[PDB]
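See below for the structure under consideration.
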Amino acid sequence: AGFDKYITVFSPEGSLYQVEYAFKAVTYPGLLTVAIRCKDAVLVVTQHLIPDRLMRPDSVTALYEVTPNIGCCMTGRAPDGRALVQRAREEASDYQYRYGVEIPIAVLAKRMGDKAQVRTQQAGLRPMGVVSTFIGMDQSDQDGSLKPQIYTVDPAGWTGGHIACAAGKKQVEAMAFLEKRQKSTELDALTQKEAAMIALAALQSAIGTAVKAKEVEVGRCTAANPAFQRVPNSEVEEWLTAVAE
Amino acid sequence: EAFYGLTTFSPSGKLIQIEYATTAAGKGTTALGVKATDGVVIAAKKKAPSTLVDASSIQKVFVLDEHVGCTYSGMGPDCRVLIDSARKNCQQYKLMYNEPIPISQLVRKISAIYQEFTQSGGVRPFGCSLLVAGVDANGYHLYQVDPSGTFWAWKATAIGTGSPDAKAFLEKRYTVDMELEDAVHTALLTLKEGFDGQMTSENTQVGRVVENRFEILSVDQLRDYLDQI
Amino acid sequence: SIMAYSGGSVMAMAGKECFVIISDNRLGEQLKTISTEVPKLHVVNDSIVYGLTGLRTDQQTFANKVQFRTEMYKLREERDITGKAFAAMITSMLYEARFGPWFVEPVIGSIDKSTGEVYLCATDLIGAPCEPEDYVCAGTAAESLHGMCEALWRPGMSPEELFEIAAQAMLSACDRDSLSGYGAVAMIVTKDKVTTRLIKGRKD
Amino acid sequence: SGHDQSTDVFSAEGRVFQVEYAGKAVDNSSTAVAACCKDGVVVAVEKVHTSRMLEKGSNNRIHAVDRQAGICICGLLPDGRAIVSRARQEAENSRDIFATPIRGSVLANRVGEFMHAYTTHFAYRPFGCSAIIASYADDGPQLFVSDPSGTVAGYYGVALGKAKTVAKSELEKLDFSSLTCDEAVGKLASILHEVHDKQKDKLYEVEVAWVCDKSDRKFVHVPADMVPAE
Amino acid sequence: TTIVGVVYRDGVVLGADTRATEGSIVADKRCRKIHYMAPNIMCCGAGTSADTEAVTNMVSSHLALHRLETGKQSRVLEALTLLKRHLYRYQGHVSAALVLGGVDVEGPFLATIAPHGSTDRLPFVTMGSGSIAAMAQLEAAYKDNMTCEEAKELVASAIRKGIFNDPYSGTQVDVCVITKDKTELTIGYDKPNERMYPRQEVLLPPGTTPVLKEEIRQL
Amino acid sequence: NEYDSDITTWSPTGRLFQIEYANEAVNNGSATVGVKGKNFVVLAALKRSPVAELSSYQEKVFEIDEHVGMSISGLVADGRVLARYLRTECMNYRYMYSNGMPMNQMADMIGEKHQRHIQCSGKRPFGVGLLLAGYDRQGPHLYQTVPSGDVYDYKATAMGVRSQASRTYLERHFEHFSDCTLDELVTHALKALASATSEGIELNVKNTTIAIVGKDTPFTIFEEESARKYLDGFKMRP
Amino acid sequence: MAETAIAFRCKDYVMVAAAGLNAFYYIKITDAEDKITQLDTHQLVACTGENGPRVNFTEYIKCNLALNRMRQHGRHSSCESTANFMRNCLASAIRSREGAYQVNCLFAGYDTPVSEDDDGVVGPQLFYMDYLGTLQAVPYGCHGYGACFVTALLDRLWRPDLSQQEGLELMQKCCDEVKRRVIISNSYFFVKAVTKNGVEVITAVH
Amino acid sequence: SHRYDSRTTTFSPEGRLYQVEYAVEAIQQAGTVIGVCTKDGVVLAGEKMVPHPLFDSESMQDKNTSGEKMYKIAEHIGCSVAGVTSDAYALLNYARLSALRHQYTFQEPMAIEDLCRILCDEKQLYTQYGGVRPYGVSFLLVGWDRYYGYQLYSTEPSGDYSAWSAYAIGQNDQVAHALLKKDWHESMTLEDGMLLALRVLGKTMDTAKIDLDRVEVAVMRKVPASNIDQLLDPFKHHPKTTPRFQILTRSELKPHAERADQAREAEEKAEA
Ligand SMILES: *[B]([O])([O])[C]([C][C]([C])[C])[N]C(=O)[C]([C]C1=[C][C]=[C][C]=[C]1)[N]C(=O)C1=[C]N=[C][C]=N1
């Protein structure tokens, strides 16, 4: 009853205060990401803003490659996100050596949520103040096709699939735009051009700025080219004009 | 590396850390189960935080082997350590006796994992309870562990928020010779009276262990039951 | 060899609703008789009876680890061990020590108390599982017992007439083996009773 | 209170103070500057001598990590020598296992993970040091800065130390596209003699080092007669 | 041992014998050598009965444990990787020759694993002691895209080249068909060696063996 | 002051107090003066005077190898744990390479020995300073380590209690050290050491340890008998 | 094997005899060395073998019986509990680093009721053992070169109802046969006996 | 961090161990179980809390080895538990292993004082090493050996034990000692001991008409040996009677519970 909040100890209302304080390290940099999957692709947009003009803008990034078919964005404390990439690259490689096949995206999200649960149960270890968003396309069963996947793991360890997610500062106004857009159409029937307009407009409704094409970076995975790659900046400009239309 | 214990005794003589963990294990969603003469039903409640969280992906009824299942109510990621250790201890029984495990011996093993972290150095107890149910060579079983390690042998019970007024509803509706189809009829019916909105096939998740096998019901077989109650 | 150091042959036959098991009475050191009144059989419950052959130091040490594990199985699980679970249990014990292996060859006979199905199993010293439906046999006179058991067996035998075949098969094979003999101790067992018989043999 | 006593304690708003308290050890340290000059990288620092009797060459904050790369530290000198002796070990591994020189963006990402791994555990404290990785690998001239939080970033120019705000505006007047390594040693050393005051310390000298095509892609210190006098 | 496998039009067919001998004498006549791995994967086995059964049950429980985590149908390439890393790290001391057959989303997968740990993915493989005599039947009559009946008869006619020619093999033909949907396991598909001249059955009356003591224990 | 208890605790001003507290152990030890010449390094330590007849002896100056030697100040129990490490790593060098270890490599090896003990929670800094007296192919060297992990290359220095006055004397003669011979180089070190003493005591052979390393001279500690040739004729003149 | 141990049990006593020869490959070191170690007041063991492992095995067994009487308030364990503790040390040593004990021994004892609730064995106990870890309760056991001369002698003349004097003149025939046929000079045989009043050292038969 | 160590294995400034003393208080609210050692057996009787109508009986085989409150350790050893319920199963598993490791290395039944010593070595071990909380449990070991016959032990949560002839752990143990002290004599039969056991149990939980749903009993006496097999063991002697730990059912305790209320009624008509 002396501290109640300084190490991983249950509060008298049954909460962990080092979990609730690590959620606030996600919104503390002030950034934002939006992920969405269409019928045949996955998209991840994120705010890529450099305040200093003397900074090399192609070094600071949040989009990482875990395996050649899984990409991720790390929204939260930026050196903590680089730490969980190196953890996920070890787990995807040790899956490859031991089991011979590439790791499923739903399984790589589960094995990274088990790493976050241990750090919030042992008293000495600090939780990672970052929300991971592992995106990719899994091999479907009984037909052999590919299927878009989005998986998000909290700093507590809450893994789960998504149709469209958001993380960072004013992530509540980004969820509210996507649910309002969900009431009209059905997001698993839209195309890659149509779904790119929503994830960029959801990034506009929260920041209220209608940002430039260099102030974001977008990575994608498509059923034709299943490898994770980031888009060119010229293709973001073809999308930002359509949102203004 | 912080090898001292975090859970100790109080001047009143109570493990106050485990008392806090039972509060944490009662703030989950309502999970329940009933028995019958022909099988055991377990019923969950997949609470979606939004409409964009892929209700077919998240799951709360966990199948452990070809004869055991489970459903939790508490801290989600704390449960996955318990299920992965229960799926592992059930495969070690088949590599050593060539026999499905009994529901008694599996629950004694996972109760030694709760008690292990209430007497270890540097860890906190679990913040979730389970509902283990399945078959063995002497009938049908429905157990319910606690974060203290204390396990029970219930006949119809419920855990989570809205559990004491749903467990009292199980007293009024249980009968000693309930059949299996009568059990699913009343396990879904005791979810509805504490449920907020309108339960759908992607909103709850049940699994009824039948005759040798646990078999989580699909979205088509559970849709058959919702428009019958 | 180390396997034929102590002497002794254990076999078992399967009947209709019964099975038999029978060992000899000799213990030795490669030519000389140490004892003349020593069986090789072990009874753990009213359904499972198993017999060990091989090196007598391992025949007693392994049977202590089995009794350590069978009685611990009855404390954890509130029930008697079954035949398929007991045979798969000490199959795993002979495989953990695969490079330091025990010199036993367990001959397991069991029966279901409620169903009435017999289950025979004879592993090797390295734990090779093998369940014939007719008979099993191990020991120093094992090559002589595959001729005696196979030429005399039929699937539909009564418990009284299955004993007469197993007894004449043990004794006629021990009259050709100089490391087994000196009478035989048999045990017929049905769903209803267990009868233990000691058999006249040559004192040679 | 007790919310700023170790590293495994988030604040009430999601901050880690022992990392941010370690960032005040760099902000109270001597001035560092760097520049990327389209064929190489020049790095200069000011050695604050506390006595007249120190030998010339003592307390050199510039250390060679590989033949093509070298880390200059800004902050505590003995804490940064654990970063230098680690990044040397990271560069020896790529030469001995992968038979290739370590890339500039890869050496900096190994520094930012060694500095971050001591900000997540209770028994360890973060470094009082900002490491400046100046490299020239097969990905061109690179200039990185790793802060005590473990955050790495590619820069064109950087000012670190006490007067890092005045020296940052003095870097905005340079070009970095037409800028060469021939002129920038005279420019960057002239930043330090104008950004730093002699009314606090009497003994201050500058230490410049580069890696460029003129030095055969080798990270070297200066010949002593290329630096401006004052 | 005369375990074989054949890739046909949709799936694979695995074959085996039933004889198990311990040192020049027939121990068992109806041993089972086609094991279970998955609902889509089976695995034949040769060599020692201890080492074959204990490498199979450990991996088949590991594939089942890895199936609860993924929630998907298990690959045959991950069944092969768990077998080849076990058999390599004991350096041929685990004397088990394996024939692995299965069906995935990528089609039928037939491959063999040597006891030293090497793998070969072929349309038709033979292992065991009668593998040389069974391969000559497969090299003379295999063709691409056979029906389920022509492959089941080619497999069974290759086992009998190990039954009637290899002394370490015989008494039955075990055939396991692996399809995409189902899996059919027949044991008495081909029994070419029947029981010629049934037994005289020398009758001995109950009580003709001299007994010195007897003790009856009722239950 | 609640930020001074643990070693792994930064202050809100960005200071490490447990390292700054170990620095006061060096400032409370006995005064020692190192003076580097052109080919010679002279250490002049001030050991304890006898109590009116009885002579207590405590070894401060250590030989590390043929070309290295050091004098300590502060916790002498940590000055011998350093003496175990420095002597072992100079035996491991001369085993491998069959030559003496260079001083620029060795001064970088002491600084990483101080650094392992200042970042873990259940460890403490070495509360002792050093004065390396070395010679190698690059000529004579004079170093000084502090409990923070720093290592400073000097021309002349002085550490110990009231060694600020010895440092003030050396800041007027340090430009004329590459020109003096060995007999003058000992004299500048002893005039410096005599200005750190008490109000009513001067130097003799009973309270001074003189250690000299050179180019054809291995590390030699001049104690009671052989030290009289520089200490019988000596007077601290104003 | 050069030295013999002869032991037989009867209705109310157990005879033991062990030749006190100790040699160095052909040279007689001793002729009177006691090789029958008194473990308890009613228990003894007659070990044979070379003198290296023979003392170090018996001192490990004897000091652990005494330790199990310290920790259990002077309660004397049964003869089967001592014999099963012995073969545990033989069987665990053939699969260890240091190697097998090269000792062949005959355990002997008498079972007395320790309290009124004890309804166990009343009679005598005699156990054959081996260096591997074989254990067998036997009417009479023999080791050494002369074992086969005297085991078939006890096939002829041993009776379960022998008295103290009739078994004393039987052991004299057992000692005179080993002197007659075995080339190894066994001249002094150390006859002891275990009865209901403890152990006793028989002076007559040598 | 070293700041939040609760320091369990440290003395008080008056020489007391607070985590041991608070573990004793945890047993003071546990379920009351009493035992009494007669001449021809030793009986245990305890109370379990109220049966909710949705409890279920786990349908076992051979129900003599695992009850609600009493547990079998070996064939000649039984026990009963007051304290933290999940904490006892770690020591119950440790007591079953040490009792069977004795039979491996000696082939004899273990003494009751020998098991009670080896499980109190474990309980004292966590009071002095590790810096973690001790076991908050208290045992009542019963059993027969051939060394001193029927025995009965206590077990404190500090490593200390003591032999007894009748003892109480749980709620109102100070009350139930005085009631057993008022009438216990040496030459007592088992039927007079079981009637003593149920009568004191109704006193502490102040209940005339002792209920069978709230009382669990278990007796430790010697039965005649039935599994003697002299033919496969020619030189092994089997004793005449063997001890059997058993747990009485409701058909077994109803003839004994209807004798304890009448003996309460026999001492009720002579009250005024
Ligand atoms: B193959 O010959 O059918 C068979 C393989 C199968 C039983 C695992 N091999 C055996 O029969 C082996 C012996 C062997 C012969 C030739 C090569 C390699 C091995 N037999 C056994 O392992 C055996 C022994 N005793 C009982 C049961 N099985």
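For the structure tokens, the naming scheme is as follows: chains receive sequential letters (A, B, ...) according to their order of presentation, residues are indexed from 1 within each chain, and ligands are indexed from 1 in presentation order.
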Exercise for the section: Excluding residue E:143 and any residue of its chain fewer than 4 positions from it, enumerate the residues within 10 Å of it, using only C-alpha atoms, and give them as JSON, numbers by chain. Expected result: {"E": [7, 8, 123, 138, 139, 150, 151]}
Please, could you write that set of residues out with N, CA, C and O atoms as a CSV table (one decimal), in the first residue's frame?
```csv
chain,number,residue,atom,x,y,z
E,7,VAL,N,3.2,-41.1,-55.7
E,7,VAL,CA,2.3,-40.0,-56.0
E,7,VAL,C,1.4,-40.3,-57.2
E,7,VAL,O,1.9,-40.6,-58.3
E,8,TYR,N,0.1,-40.2,-57.0
E,8,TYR,CA,-0.8,-40.3,-58.1
E,8,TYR,C,-1.5,-39.0,-58.4
E,8,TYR,O,-1.0,-37.9,-57.9
E,123,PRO,N,8.7,-38.5,-56.9
E,123,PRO,CA,7.4,-39.1,-57.2
E,123,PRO,C,7.1,-40.4,-56.6
E,123,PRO,O,6.0,-40.7,-56.2
E,138,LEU,N,8.6,-50.5,-59.4
E,138,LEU,CA,8.1,-49.1,-59.6
E,138,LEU,C,8.8,-48.5,-60.8
E,138,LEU,O,8.2,-47.6,-61.6
E,139,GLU,N,10.1,-48.8,-61.1
E,139,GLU,CA,10.8,-48.3,-62.3
E,139,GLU,C,10.2,-48.9,-63.6
E,139,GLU,O,10.5,-48.3,-64.6
E,150,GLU,N,-5.2,-47.6,-60.1
E,150,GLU,CA,-3.9,-48.1,-60.7
E,150,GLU,C,-2.7,-47.8,-59.8
E,150,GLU,O,-1.7,-48.5,-59.9
E,151,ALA,N,-2.8,-46.8,-58.9
E,151,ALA,CA,-1.7,-46.6,-58.0
E,151,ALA,C,-1.8,-47.5,-56.8
E,151,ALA,O,-0.7,-47.9,-56.3
```
Practice task
Quick one: everything within 10 Å of residue F:40, counting only C-alpha atoms, minus sequence neighbours fewer than 6 positions away in the same chain. Send it as a list in words.
Solution key: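 After dropping sequence-adjacent residues, the list is residues 133, 134, 135, 139, 140, 141, 142, 177, 178, 181, 182, 185, 186, 212, 213, 214, 215, 216 and 217 of chain F.
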Selected residues written out, N, CA and C atoms, as a PDB file, in the first residue's frame:
```
ATOM      1  N   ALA F 133      53.753   5.411 -14.029  1.00  0.00           N
ATOM      2  CA  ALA F 133      55.060   5.850 -14.492  1.00  0.00           C
ATOM      3  C   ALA F 133      55.540   4.838 -15.514  1.00  0.00           C
ATOM      4  N   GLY F 134      55.472   5.200 -16.787  1.00  0.00           N
ATOM      5  CA  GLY F 134      55.767   4.234 -17.818  1.00  0.00           C
ATOM      6  C   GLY F 134      56.832   4.662 -18.797  1.00  0.00           C
ATOM      7  N   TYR F 135      57.441   3.686 -19.459  1.00  0.00           N
ATOM      8  CA  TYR F 135      58.347   3.955 -20.561  1.00  0.00           C
ATOM      9  C   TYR F 135      58.136   2.885 -21.617  1.00  0.00           C
ATOM     10  N   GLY F 139      58.608   6.673 -25.684  1.00  0.00           N
ATOM     11  CA  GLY F 139      59.156   7.535 -24.665  1.00  0.00           C
ATOM     12  C   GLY F 139      58.375   7.492 -23.367  1.00  0.00           C
ATOM     13  N   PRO F 140      58.717   8.372 -22.432  1.00  0.00           N
ATOM     14  CA  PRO F 140      58.114   8.313 -21.100  1.00  0.00           C
ATOM     15  C   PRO F 140      56.688   8.835 -21.076  1.00  0.00           C
ATOM     16  N   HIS F 141      55.891   8.250 -20.183  1.00  0.00           N
ATOM     17  CA  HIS F 141      54.490   8.602 -20.017  1.00  0.00           C
ATOM     18  C   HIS F 141      54.165   8.787 -18.544  1.00  0.00           C
ATOM     19  N   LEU F 142      53.203   9.662 -18.266  1.00  0.00           N
ATOM     20  CA  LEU F 142      52.719   9.907 -16.913  1.00  0.00           C
ATOM     21  C   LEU F 142      51.208  10.049 -16.960  1.00  0.00           C
ATOM     22  N   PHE F 177      60.709  20.944 -18.091  1.00  0.00           N
ATOM     23  CA  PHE F 177      60.909  19.550 -17.719  1.00  0.00           C
ATOM     24  C   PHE F 177      61.532  18.709 -18.824  1.00  0.00           C
ATOM     25  N   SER F 178      61.468  19.154 -20.074  1.00  0.00           N
ATOM     26  CA  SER F 178      62.138  18.464 -21.167  1.00  0.00           C
ATOM     27  C   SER F 178      63.604  18.853 -21.296  1.00  0.00           C
ATOM     28  N   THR F 181      68.146  17.375 -16.384  1.00  0.00           N
ATOM     29  CA  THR F 181      68.681  16.030 -16.246  1.00  0.00           C
ATOM     30  C   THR F 181      67.903  15.274 -15.172  1.00  0.00           C
ATOM     31  N   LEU F 182      68.367  14.063 -14.849  1.00  0.00           N
ATOM     32  CA  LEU F 182      67.663  13.234 -13.875  1.00  0.00           C
ATOM     33  C   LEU F 182      67.798  13.800 -12.466  1.00  0.00           C
ATOM     34  N   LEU F 185      65.493  16.566 -12.082  1.00  0.00           N
ATOM     35  CA  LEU F 185      64.099  16.165 -12.227  1.00  0.00           C
ATOM     36  C   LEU F 185      63.562  15.590 -10.924  1.00  0.00           C
ATOM     37  N   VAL F 186      64.433  14.952 -10.138  1.00  0.00           N
ATOM     38  CA  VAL F 186      64.069  14.523  -8.790  1.00  0.00           C
ATOM     39  C   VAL F 186      63.877  15.736  -7.887  1.00  0.00           C
ATOM     40  N   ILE F 212      61.642   5.907  -9.903  1.00  0.00           N
ATOM     41  CA  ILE F 212      62.165   6.429 -11.165  1.00  0.00           C
ATOM     42  C   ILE F 212      62.128   5.328 -12.216  1.00  0.00           C
ATOM     43  N   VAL F 213      61.543   5.631 -13.375  1.00  0.00           N
ATOM     44  CA  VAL F 213      61.618   4.769 -14.551  1.00  0.00           C
ATOM     45  C   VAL F 213      62.244   5.587 -15.679  1.00  0.00           C
ATOM     46  N   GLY F 214      63.038   4.941 -16.521  1.00  0.00           N
ATOM     47  CA  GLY F 214      63.796   5.633 -17.550  1.00  0.00           C
ATOM     48  C   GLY F 214      63.990   4.796 -18.789  1.00  0.00           C
ATOM     49  N   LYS F 215      64.935   5.213 -19.635  1.00  0.00           N
ATOM     50  CA  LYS F 215      65.103   4.559 -20.929  1.00  0.00           C
ATOM     51  C   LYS F 215      66.028   3.347 -20.831  1.00  0.00           C
ATOM     52  N   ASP F 216      67.087   3.448 -20.035  1.00  0.00           N
ATOM     53  CA  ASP F 216      67.951   2.318 -19.717  1.00  0.00           C
ATOM     54  C   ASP F 216      67.812   1.966 -18.244  1.00  0.00           C
ATOM     55  N   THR F 217      66.711   2.407 -17.651  1.00  0.00           N
ATOM     56  CA  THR F 217      66.473   2.285 -16.217  1.00  0.00           C
ATOM     57  C   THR F 217      65.133   1.602 -16.007  1.00  0.00           C
TER      58      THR F 217
END
```
Exercise for the section: Find the residues near residue E:137: any atom within 9 Å, counting only C-alpha atoms, skip ones fewer than 3 places away on the same chain, and give them as an MDAnalysis selection string. Expected result: chainID E and resid 133:134 140:142 154:155 157:158 161
Exercise for the section: Would you please give, as a VMD selection string, all residues of stretch 43-159 of chain C that DSSP assigns to helix (DSSP H, G or I) based on the backbone? Expected result: chain C and resid 56 to 76 83 to 96 142 to 150 159
Exercise for the section: Calculate how many Å separate atom CA of residue A:193 from atom CA of residue A:240, rounding to one decimal. Expected result: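 Going from atom CA of residue A:193 over to atom CA of residue A:240 covers 11.2 Å.
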Handout entry: Test item: residues lying within 8 Å of ligand 1 with only C-alpha atoms and all ligand atoms, as an MDAnalysis selection string
Key = (chainID C and resid 122:124 128:130) or (chainID E and resid 1:3 16:23 26:28 31:33 45:53 95:96 128:129 168:170)
How about saving the chosen residues, C-alpha atoms kept, as a short mmCIF file (atom, residue, chain, number, x, y, z; two decimals), in the first residue's frame?
```cif
data_model
loop_
_atom_site.label_atom_id
_atom_site.label_comp_id
_atom_site.auth_asym_id
_atom_site.auth_seq_id
_atom_site.Cartn_x
_atom_site.Cartn_y
_atom_site.Cartn_z
CA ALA C 122 7.04 -57.84 -25.16
CA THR C 123 9.53 -55.03 -25.64
CA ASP C 124 13.22 -55.44 -26.40
CA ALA C 128 10.67 -51.68 -29.00
CA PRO C 129 6.88 -52.03 -28.63
CA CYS C 130 5.28 -55.11 -30.14
CA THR E 1 11.13 -53.91 -44.48
CA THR E 2 9.54 -52.95 -47.83
CA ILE E 3 7.87 -49.55 -47.30
CA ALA E 16 4.27 -51.34 -46.15
CA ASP E 17 4.69 -54.93 -44.99
CA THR E 18 3.81 -56.46 -41.61
CA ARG E 19 6.68 -58.81 -40.69
CA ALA E 20 8.95 -57.85 -37.78
CA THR E 21 11.90 -60.13 -36.96
CA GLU E 22 14.26 -60.11 -33.97
CA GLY E 23 17.45 -61.81 -35.11
CA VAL E 26 9.91 -63.89 -36.93
CA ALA E 27 8.84 -61.97 -33.83
CA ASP E 28 5.56 -60.53 -35.11
CA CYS E 31 3.12 -55.46 -37.10
CA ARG E 32 1.86 -52.04 -38.20
CA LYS E 33 4.36 -49.79 -39.96
CA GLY E 45 8.84 -46.59 -41.11
CA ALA E 46 11.73 -49.05 -41.33
CA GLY E 47 14.64 -49.98 -39.10
CA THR E 48 14.21 -50.49 -35.37
CA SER E 49 10.72 -50.61 -33.83
CA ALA E 50 11.94 -48.63 -30.81
CA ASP E 51 13.46 -45.80 -32.84
CA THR E 52 10.72 -45.59 -35.50
CA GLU E 53 7.82 -45.38 -33.01
CA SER E 95 18.22 -46.20 -36.95
CA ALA E 96 14.91 -45.30 -38.61
CA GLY E 128 13.76 -50.65 -45.91
CA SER E 129 15.59 -53.87 -46.66
CA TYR E 168 13.04 -59.75 -43.71
CA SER E 169 9.59 -58.87 -45.12
CA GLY E 170 6.21 -60.43 -45.68
#
```
Practice task
With a distance cut-off of 8 Å and only C-alpha atoms, select the neighbouring residues of stretch 146-154 of chain A, excluding the residue or stretch itself and same-chain residues fewer than 3 positions from it, and output the selection as a PyMOL selection string.
Solution key: chain A and resi 35-42+105-106+109+112-113+130-140+157-164+223
Practice task
Compute the chain H side of the contact with chain B at 12 Å, counting only C-alpha atoms, and hand it back as a VMD selection string.
Solution key: chain H and resid 1 to 9 17 to 30 51 to 61 66 68 83 to 93 126 129 to 136
Convert the current residue selection to file output with C-alpha atoms, as a tab-separated table (two decimals), in the first residue's frame.
```tsv
chain	number	residue	atom	x	y	z
H	1	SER	CA	14.84	-3.22	-7.16
H	2	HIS	CA	16.17	-3.66	-3.62
H	3	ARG	CA	13.82	-1.02	-2.16
H	4	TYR	CA	10.60	-3.06	-2.30
H	5	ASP	CA	11.98	-6.21	-0.70
H	6	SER	CA	9.58	-7.05	2.12
H	7	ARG	CA	12.36	-8.81	4.13
H	8	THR	CA	10.59	-12.01	5.15
H	9	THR	CA	13.67	-13.88	6.45
H	17	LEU	CA	9.42	-13.72	12.56
H	18	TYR	CA	6.34	-11.83	11.37
H	19	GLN	CA	5.71	-13.89	8.23
H	20	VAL	CA	5.63	-17.07	10.31
H	21	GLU	CA	3.32	-15.52	12.90
H	22	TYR	CA	0.95	-14.20	10.23
H	23	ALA	CA	0.96	-17.66	8.64
H	24	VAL	CA	-0.20	-19.05	12.00
H	25	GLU	CA	-3.09	-16.56	11.94
H	26	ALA	CA	-3.99	-17.73	8.41
H	27	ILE	CA	-4.57	-21.22	9.83
H	28	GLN	CA	-6.73	-19.74	12.61
H	29	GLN	CA	-9.46	-19.06	10.04
H	30	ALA	CA	-8.98	-22.41	8.31
H	51	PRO	CA	-22.23	-27.37	0.21
H	52	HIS	CA	-23.69	-25.06	-2.41
H	53	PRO	CA	-26.19	-27.06	-4.52
H	54	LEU	CA	-24.09	-26.62	-7.70
H	55	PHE	CA	-21.04	-28.47	-6.40
H	56	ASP	CA	-20.22	-31.77	-8.06
H	57	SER	CA	-18.43	-34.87	-6.81
H	58	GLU	CA	-15.49	-35.76	-9.03
H	59	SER	CA	-16.32	-39.40	-9.71
H	60	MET	CA	-13.12	-41.27	-8.86
H	61	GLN	CA	-12.28	-44.92	-8.46
H	66	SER	CA	-8.41	-38.29	-1.75
H	68	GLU	CA	-12.02	-32.94	0.67
H	83	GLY	CA	-4.18	-23.48	6.06
H	84	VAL	CA	-3.93	-22.19	2.51
H	85	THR	CA	-5.60	-24.86	0.39
H	86	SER	CA	-3.50	-24.60	-2.78
H	87	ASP	CA	-0.30	-24.37	-0.73
H	88	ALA	CA	-0.74	-27.86	0.74
H	89	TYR	CA	-0.65	-29.69	-2.61
H	90	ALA	CA	2.99	-28.70	-3.11
H	91	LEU	CA	3.89	-30.25	0.25
H	92	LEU	CA	1.46	-33.14	-0.23
H	93	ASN	CA	3.25	-34.01	-3.47
H	126	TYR	CA	11.57	-21.24	3.24
H	129	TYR	CA	16.39	-18.87	2.80
H	130	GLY	CA	15.02	-17.28	-0.34
H	131	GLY	CA	13.44	-14.07	0.96
H	132	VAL	CA	9.97	-15.35	0.01
H	133	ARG	CA	6.92	-16.18	2.11
H	134	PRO	CA	6.80	-19.48	4.05
H	135	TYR	CA	4.21	-22.22	3.76
H	136	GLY	CA	1.01	-21.12	5.46
```
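Atom CA of residue B:132 is positioned 7.1 Å from atom CA of residue B:68.
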Exercise for the section: Output as JSON, numbers by chain the set of chain C residues within 10 Å of chain B, with distances taken over only C-alpha atoms. Expected result: {"C": [76, 77, 78, 81, 82, 84, 85, 86, 87, 88, 89, 90, 91, 92, 93]}
Check which residues of chain D sit at most 10 Å from chain B using only C-alpha atoms, and return one row each with the closest pair of atoms and their distance in Å to one decimal, ordered by chain and rising number, as a Markdown table.
```
| residue | atom | partner | partner_atom | distance |
| --- | --- | --- | --- | --- |
| D:121 | CA | B:1 | CA | 9.5 |
| D:122 | CA | B:1 | CA | 8.6 |
| D:123 | CA | B:1 | CA | 7.9 |
```
Exercise for the section: With a distance cut-off of 8 Å and only C-alpha atoms, select the neighbouring residues of residue C:62, excluding the residue or stretch itself and same-chain residues fewer than 4 positions from it, and output the selection as an MDAnalysis selection string. Expected result: chainID C and resid 58 66 102 104
Write the residues of the preceding selection, restricted to C-alpha atoms, as a short mmCIF file (atom, residue, chain, number, x, y, z; two decimals), in the first residue's frame.
```
data_model
loop_
_atom_site.label_atom_id
_atom_site.label_comp_id
_atom_site.auth_asym_id
_atom_site.auth_seq_id
_atom_site.Cartn_x
_atom_site.Cartn_y
_atom_site.Cartn_z
CA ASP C 58 18.62 -55.17 -13.70
CA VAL C 66 8.28 -49.79 -11.89
CA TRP C 102 18.77 -51.74 -19.03
CA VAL C 104 15.75 -56.47 -19.05
#
```
